[PDB]
Every structure is written in C-alpha cells, then in structure tokens.
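One chain follows as structure tokens, the form deposited in one PDB entry.
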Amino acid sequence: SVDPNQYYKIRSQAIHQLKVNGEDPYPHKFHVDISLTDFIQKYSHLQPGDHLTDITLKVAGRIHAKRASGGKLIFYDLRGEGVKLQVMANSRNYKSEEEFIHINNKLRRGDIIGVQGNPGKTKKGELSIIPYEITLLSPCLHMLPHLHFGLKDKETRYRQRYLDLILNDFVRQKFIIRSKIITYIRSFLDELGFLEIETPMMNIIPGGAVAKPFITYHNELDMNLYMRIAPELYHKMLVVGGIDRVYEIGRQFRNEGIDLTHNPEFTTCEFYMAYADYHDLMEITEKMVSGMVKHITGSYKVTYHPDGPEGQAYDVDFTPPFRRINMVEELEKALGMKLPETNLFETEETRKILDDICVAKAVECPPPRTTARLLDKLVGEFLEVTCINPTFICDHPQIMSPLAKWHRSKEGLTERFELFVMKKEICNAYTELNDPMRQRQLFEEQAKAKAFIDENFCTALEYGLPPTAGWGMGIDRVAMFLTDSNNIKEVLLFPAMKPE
C-alpha cells in the first residue's frame, strides 16, 4: 500500500502539474449561492426520482467519500457546516463528457470543491445535487484516515485541531457550546447593567497570590512585567471610580505544569457588584447557571461522564433551586459528630481535634496539617464528593477565607459560597474587603510567605470602596461539564502540548 509520505509526494506533484498545465487548483474565488444547510432544508421535501432541471445552484464543501458506480456515474459525499449532501455526478448531465472525465480523474478524498448543478433526489431517496460543473478549489495533499475509522488518538487530535474538526463533528458541537456559554454570560450580565471591561494582562508587580508567574522583559522600559492571574484589583478600582457593576471574561496565565487538567493560559469570568453581598450573588448565580444550561441544552437535566463515554454516567439536575448547605453544619451532620464552636477554630486544641478526626476517618491530609487544610480535606471527602447536582457550599470559616468579609450573625464564619457541580467547584463568590488597613495587612502577610504590595490599590481603597461582592467562574471547567468532556484539552481549540 501507499504510505502517507508517498501519497503526499505523489499528490503534490499532481497539483504542481495542474499549475504548469494552466489549471491552477487554487482559483481566486467561488461564490456560493446557498449553504448546504439551507439546501437541505429547502429541498428535503423532494420525492425519490425528482430532478429540477430548472434550478441551478452553486454549493461547496469537502469531499469525504468518492464512490464510482459504472464509469459515467460517480457519487461524492460532500460535507460542510456539520452536514452532508450527495453529489450525483452523472456524465450525461455534466457540461461535457470529456470534461466530466477530466474533473473526476483529479479529485481525491479530502478535496474542497465547488459544485454548480441542479437539486434532485435519487431513486433510493437521497437528496443530491446533479452537477453541471465541478471545480477543484483546494486539494487535500495528505492521506486522510480510512473512512469509518476516523481520528481517535487524542494526542493527534489536540496537535492537529483542523484534522480533528474535519473528521469529528462532535468536536465542532463542543466548541459551539463553549461559545454559547460565553455569549450567554455576557447577555445575562449586560442585562443587569454590568459594564464589560478590559484591564491589563501585564503588570509591573506580581502580587500576593502563591501562583508562579510568567515574566517578560520590556526593552523600552528596562523592566520586567508579570502576566496577570486575575483582574480583581483593577475591577475594584473601577468600583471605587463609581462604575458599580463590572465584569471581564478574559485570559489568565499560570506558569506551572501542563497536563490534561492544566493549561498555561485559561479563561475566567470575574464580576464585582457594588452594594451586593453573597446572598445577592447566590440568587444571581442560580438564575444564570440554571438558565444557561436550559437555554443551551434544552433541559435542566444534563448527563456527564467523568471517566469517559464507556464509564459511569451521572445525571446532573440544574432545576432551581440549587441545594444549599452550610459547610460546618453539614460537615458535622456528615461526620455524625459535633465540631467545636466556630470561634474556636484558631486554637491548637481544635486543630488536633480535627487532626484526629482525619486519622479516625482515614482522610488523607499532607503537611502542613493546619486547621484550614484539615477542614478543607474533610469537606472535600464528606461534602464535595456529594455535590453532583449544583450545590452551594456556604459560610466557610474565616481561617479558610482570608479575602472574604466576616459573617454578621455567626462568629468565625465569612460571607462566602462556592458553587459545586459534579464534585468540582465552578464559581467562587464573597463579600469583598474594603477597609484599606485590612487590605494592607493581607498584602503584607501574603508578602511574608512569598519571601509584593500593590500600593496603588491600597491608595485607591483610601479614596473609598463601597461595600462590594465579587464573583469568579472558570469558563473552561464549565465548558467541560456542558460538552461532556473529562479533559480540558477537549474544550481548548489549541491546547498547549508537551512538545514531541
């Protein structure tokens, strides 16, 4: 058999031969009279045997199958826009029989062609176009996988997305879903009077987050810049400036390991809303997420395959209202035991109480075994695994929530929630800090662990930030869950890949 390299060499020669022969297989243009989708909807009503010799139309697409029948009849499987239309190339209906031979002899599977012909339906009842003229618009120089075998190797799909999209329609449907999600988010927030904003992705200071950053050098400034991890601080500065409702769906950057659940660049949505608290955002999140799912999917009911198409299937019910649980209470109810008072979560006596609880319940916790990390491990093992449907986990302790405002009624807790779906977090929200002295404390304590402080942002707080609530969502993970992908590369058009 021919191998891929020999096929590519032979076909490049043929196309080169077409050029020198005055038949350049890359012509200036091909105006399409109608899309394949319109053609199918406009002419699906025809009866087996029909042929409209009175209507000539120009369509185009890519050849996926070429089946010769008798030598004066050829069938082409023409694909585009996720649909398919048969080209019944019948010599007697072509411009001329000599040209009919000439065009069929040059066309191969994968070629992009333009078809000018008549609508019709075969005797078997297959909607077809009877071509008067076929034009090779762009040839496929490479050998495509066997028809019906397709492209299944994930590494190849992710490194050649164009090939994945040529062969796999479900991949096209995935990225349509992803775009619909972002579009839906903008519609929802725009209708609530939020201003969609653009803030810097390059900053002079890295800031207090533990995340390892991308560093780049600015030659004109003789200075280093750091790629952003979140737009948070710029958004609140705009809230200080009087823009009460702001959101940004943008790229963030993390300089860490690349694998199936980690990409160096990713997409988040953050919004900040003056004079709201986390209960306001909870109601906002419920309506947005439930409405998104029903609008894009058709139902509140969604099935998801955490381990792959052949693995277990989980039914995820987005029917509002979402289940609401308070972290400490449900953790007590799930353990079947009373935990210490919430204002005692900083004493060492409660730390070992929790340490013992992890020992007794075989809950893994690597060092440091702090109260915060032990609680976090216990919650993930007793409360997050339970959250298959969308579930708000609420009122986290302060010792686990440094950035959030304190709870008004309950000592030691904060005004915070996390929305969990399929055991994973999909958005974070809490009432923000607006005391400039408290913000300076947090920046210094973050800096102490690093070894910077955003003095500009501290100054902005000194001018006055109103009470504000913040919200953040990972778009990629939402896209995974709504495209039934157990992998982040499935929802990234061009995922970062560890080089060959």
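All residue numbers are counted from 1 along the displayed sequence. Take the two forms, superpose them, and find the largest set of C-alpha atoms that agree within 1.5 Å; that set is the rigid core.
Another form, the form deposited with a small molecule bound, is not on view; read the next lines as being about it.
Novice: Just one of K180, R254, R369, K294 has a heavy atom within 4.5 angstroms of the small molecule in the bound PDB entry, so which one?
Specialist: Partner contact (heavy atom, 4.5 Å) among the options: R254.
Novice: Report the residue, out of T268, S91, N104, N389, that has at least one non-hydrogen atom within 4.5 angstroms of the small molecule in the bound PDB entry.
Specialist: Looking at the other structure, the residue within range turns out to be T268.
Novice: Where, among 144-152, 192-200, 419-427, 112-120, do residues come within 4.5 Å of the small molecule in the bound PDB entry by heavy atom distance?
Specialist: In short, 419-427.
Novice: Is the gap between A209 and the small molecule in the bound PDB entry 4.5 Å or less for some heavy atom pair?
Specialist: Judged by the heavy-atom cut-off of 4.5 Å, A209 is in contact with the small molecule in the bound PDB entry.
Novice: In the bound PDB entry, does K489 have a heavy atom within 4.5 Å of the small molecule?
Specialist: Heavy-atom contact with the small molecule at 4.5 Å: absent for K489.
Novice: Against the small molecule in the bound PDB entry, would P436 count as a contact residue? Criterion: heavy atoms within 4.5 Å.
Specialist: Answer no; every heavy atom of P436 is more than 4.5 Å from the small molecule in the bound PDB entry.
Novice: Using the partner position in the bound PDB entry, report whether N263 sits within 4.5 Å of the small molecule, counting heavy atoms only.
Specialist: Close contact exists here: in the bound PDB entry, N263 approaches the small molecule to within 4.5 Å, heavy atoms only.
Novice: Give the option from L375, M88, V246, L85 whose C-alpha shifts by 2 Å or more between the shown form and the other one; the alignment is on the rigid core.
Specialist: Comparing both forms, the shifted residue turns out to be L375.
Novice: After a rigid core superposition, would you say the CA of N118 moves by 2 angstroms or more between the shown form and the other one, or not?
Specialist: No, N118 moves less than 2 Å.
Novice: Please say whether, between the shown form and the other one, the C-alpha of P397 moves by 2 Å or more once the core is aligned.
Specialist: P397 C-alpha, core-superposed: shift of 2 Å or more.
Novice: Taking the rigid core as the reference frame, tell me whether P139 has a CA displacement of 2 angstroms or more between the shown form and the other one.
Specialist: Not so; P139 is displaced by less than 2 Å.
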